[PDB]
Every structure is written in C-alpha cells, then in structure tokens.
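Novice: Dropping a structure here in structure tokens format, bear with me for questions.
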There are 2 protein chains.
Amino acid sequence: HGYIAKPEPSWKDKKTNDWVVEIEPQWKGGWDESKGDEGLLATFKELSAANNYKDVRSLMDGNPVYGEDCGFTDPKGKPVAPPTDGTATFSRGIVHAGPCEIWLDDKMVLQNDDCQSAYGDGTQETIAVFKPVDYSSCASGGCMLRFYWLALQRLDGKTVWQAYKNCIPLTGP
Amino acid sequence: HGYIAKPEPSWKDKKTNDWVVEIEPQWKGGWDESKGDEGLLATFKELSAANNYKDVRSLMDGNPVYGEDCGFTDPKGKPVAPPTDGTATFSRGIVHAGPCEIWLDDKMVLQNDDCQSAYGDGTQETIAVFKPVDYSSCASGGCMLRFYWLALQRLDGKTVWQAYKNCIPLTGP
Ligand SMILES: [Cu+2]
Ligand SMILES: [Cu+2]
C-alpha cells in the first residue's frame, strides 16, 4: 500500500493508498511454493524472462487486467513543482516485495527489481524515499511523472499481484 | 487505413495510410461475442459511459498507449490553405467502424460516432468526404488541424482498437 506523496498527486475522488487491482499472477508458475519474499522475487525473475518482460510500465500499459491508467490519481490535476533535492517521497514505508519504477514522460528515471529492499527498511513507519530522481528532463511547459509498482505477496498460501499506479503532473524545472 | 488528404499533410518520413497503434480494447467487454460493425459500435457506446469517455482526442492525447502525437504526419511541415468548400477529403474510402473527429487548434469542428457510415460507403474505392467543416476559426498566422479516429475491428475473431492521427498545419484566413 501507499502512493507517491512528494511530488503531490491530485485524486479523481479522494486520496487512497489502495492498489488499482489485485489479480492472480499473470504468468503460470510455482508462485504458491514460496514462504517469503526471496522466493517470490526469484520466481518473478525467472518467469519474467519467459514472458518477454521489459519493465513494469511495458507490462501494465495497454492491458486492462492491470486496471485503469493512473489508478486513483488525476493526470488532469493542476501541475506541481517537483522536489529540489533529487528525491521522491512515498506516503509510508514499502512493506511488499516487487519491482517499481518512476517515469518522466517517456524517460525511465528510477527502477528497481525490489523497491522494498532499496528504498525503505521494510517497515510501514519508516517513510520510503526514492533516490536518485533526476527531474532535469521535465519539458518546459511540464511533464507527467508516472509511478508503477507490482507488489508480490503470498496471502495465506495464495500468491497475488497488486498493481499500484500514480500519475503526477509536474511543472517544467 | 487512410489519412486526411485535403488539406494536404506532410510526413515525418514518407506518406503512409497505416495506424499509429493497434491495441486490445482498453475497456473490458463482450467485444468478441457481438456481431458485425453494429455490435462493435453498440459495445463501444455502452462501455463509453462506464469509462468516463468524452471524445477521441481526450481519450488519446497525453496517453502513450495511443502512440505518438500526430502519428506519422509532421506538424512542422508545410502550412497549407484549407479547402474553400467546407469539407475535408480522406485519402481513400473508410472501411472500419468507429468514432472520428476533426479539430482546429482547441476547437472541435466535426465529430461522428461512426465515420464509416457517415462519410463514405464502407468501400476503399469511394473516397470519404468529411462535412460540414468550418475553417473560419483558423487564427491569422495559422492553426493546426488534428484528425483522430479510433477504428474498431475484428481480426480473425479478435477485436482490436486502432488509433489513426494526423496533424496538418494550415495557413490563416
Ligand atoms: Cu499493501
Ligand atoms: Cu485499416
């Protein structure tokens, strides 16, 4: 659960930290065998190479199983100035395994195969900070930050994928 | 397949009738279970209201799943004078169902839910003519015409959406 809090998104309705969708793993495999995050991430790594995976954005964009574009955030909201310290900040700590990435228009500016282990300490209470994030490519006149996170979890023995997506319009830098 | 031929477009590379993207339907539905172009249009109409649809431009602009702005046409191409007869002419007949629209800068000057039935006869050989089109709003010093068409078709039983986009720079009246 969670959303990018800085820079600050607008909301189609109200603020929520919920996932866009929660679905069965879209690639057949031994997901349910894993007792913990290490196993899930290993399965993801192998099965993604079996399924022509590139990145989370290429996986989700254009496929309605992953739910609506931009999730609960509003791409048409008033654009905000990005942070000046080369970061983005999450609304909470990252407590699920799985890959995440930040895009500024068509440029991927941050990516990790396991955002949980890279940007927080795995607890909810320590706020996750994404870094480095270079906003310098943001077109004058403005650009769209997009966050994508595919959380992998085994929920009482049954593995699910959750898709988290934010769109956050920025002013040019 | 096709492009607005009058007024005359310029091309990033070479003239092409092709679609910008071909994607699965972006709204989950009974596309494949319906019959004929009429079934595609009735599904589109009903799912439109489920998915907050306004118009084709609003669907496509700012969403990379619908591919690059202006498609294969060049917005930095040669400015051309608009037709004097209150029409735009396509490069061929229109042989796929679905909505299309013409814009002059931020003004929508023509929209139809099914360009196939409104502007041609369903065959490639009867040149489609869009009408009525009023070019009188074109700023002195120029405007940009934009054409948007979301084609709906079944390809060996599997429904796809295709995006066609043109931009054509016009001289001012
Ligand atoms: Cu969660
Ligand atoms: Cu075609």
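The way I read the labels, and the way they are meant: chains A, B, ... in the order of the structure tokens, residue 1 as the first residue of every chain, and ligand 1 as the first ligand shown, with later ones counted on from there.
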Could you report the residues within 7 Å of ligand 1, using only C-alpha atoms and all ligand atoms, as a PyMOL selection string?
Specialist: chain A and resi 1+95-96
Novice: Compute the set of protein, DNA and RNA residues whose minimum atom distance to ligand 2 is at most 10 Å, using only C-alpha atoms and all ligand atoms, and state it as a short mmCIF file (atom, residue, chain, number, x, y, z; two decimals) with N, CA and C atoms, in the first residue's frame.
Specialist:
```cif
data_model
loop_
_atom_site.label_atom_id
_atom_site.label_comp_id
_atom_site.auth_asym_id
_atom_site.auth_seq_id
_atom_site.Cartn_x
_atom_site.Cartn_y
_atom_site.Cartn_z
N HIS B 1 -7.59 2.18 -42.40
CA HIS B 1 -6.46 2.74 -43.16
C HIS B 1 -6.89 4.07 -43.80
N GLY B 2 -5.96 5.04 -43.87
CA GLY B 2 -6.21 6.29 -44.57
C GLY B 2 -5.77 7.51 -43.74
N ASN B 17 -0.66 5.20 -45.00
CA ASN B 17 -2.06 5.09 -44.61
C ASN B 17 -2.20 4.36 -43.26
N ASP B 18 -1.09 3.93 -42.65
CA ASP B 18 -1.17 2.97 -41.55
C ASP B 18 -1.60 3.65 -40.25
N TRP B 19 -2.07 2.79 -39.34
CA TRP B 19 -2.41 3.16 -37.99
C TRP B 19 -1.17 3.44 -37.16
N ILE B 94 -13.52 4.75 -46.24
CA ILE B 94 -13.35 4.33 -44.85
C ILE B 94 -13.94 2.95 -44.72
N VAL B 95 -13.12 1.98 -44.29
CA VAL B 95 -13.57 0.60 -44.28
C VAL B 95 -13.55 -0.01 -42.87
N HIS B 96 -13.33 0.78 -41.81
CA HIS B 96 -13.51 0.31 -40.44
C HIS B 96 -14.50 1.18 -39.70
N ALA B 97 -15.22 0.58 -38.75
CA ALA B 97 -16.17 1.30 -37.92
C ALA B 97 -15.39 2.04 -36.84
N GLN B 124 -13.14 0.86 -50.11
CA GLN B 124 -11.91 1.63 -50.22
C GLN B 124 -12.01 2.58 -51.42
N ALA B 151 -10.50 3.26 -34.73
CA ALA B 151 -11.09 2.21 -35.51
C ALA B 151 -11.30 0.98 -34.65
N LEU B 152 -12.47 0.35 -34.86
CA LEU B 152 -12.85 -0.86 -34.16
C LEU B 152 -13.02 -1.96 -35.21
N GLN B 153 -12.31 -3.07 -35.01
CA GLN B 153 -12.45 -4.16 -35.96
C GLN B 153 -12.15 -5.50 -35.31
N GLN B 162 -7.66 0.49 -33.15
CA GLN B 162 -6.51 1.08 -33.80
C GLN B 162 -6.63 2.59 -33.71
N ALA B 163 -5.49 3.28 -33.52
CA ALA B 163 -5.52 4.74 -33.49
C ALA B 163 -4.94 5.30 -34.78
N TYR B 164 -5.70 6.21 -35.41
CA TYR B 164 -5.21 6.99 -36.53
C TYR B 164 -5.22 8.45 -36.14
#
```
Novice: For chain B against chain A, which residues fall within 9 Å using only C-alpha atoms, given as an MDAnalysis selection string?
Specialist: chainID B and resid 23:28 62:66
Novice: Skip residue 133 of chain B itself and residues of its chain fewer than 4 positions away, then list as a VMD selection string all residues within 9 Å of it, counting only C-alpha atoms.
Specialist: chain B and resid 85 to 88 102 109 to 110
Novice: Can I get the selected residues back with C-alpha atoms, as a PDB file, in the first residue's frame?
Specialist:
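Once written, out13.pdb looks like this:
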```
ATOM      1  CA  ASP B  85     -15.819  24.051 -49.916  1.00  0.00           C
ATOM      2  CA  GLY B  86     -16.421  23.373 -46.203  1.00  0.00           C
ATOM      3  CA  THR B  87     -15.110  19.775 -46.406  1.00  0.00           C
ATOM      4  CA  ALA B  88     -12.055  17.643 -45.670  1.00  0.00           C
ATOM      5  CA  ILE B 102     -11.514  16.903 -36.627  1.00  0.00           C
ATOM      6  CA  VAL B 109     -15.229  21.272 -35.764  1.00  0.00           C
ATOM      7  CA  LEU B 110     -16.575  17.817 -36.641  1.00  0.00           C
TER       8      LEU B 110
END
```
Novice: Counting only C-alpha atoms, which residue out of A:107, A:78, A:158, A:57 sits closest to residue 9 of chain A?
Specialist: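 Using only C-alpha atoms, residue 9 of chain A sits closest to A:78.
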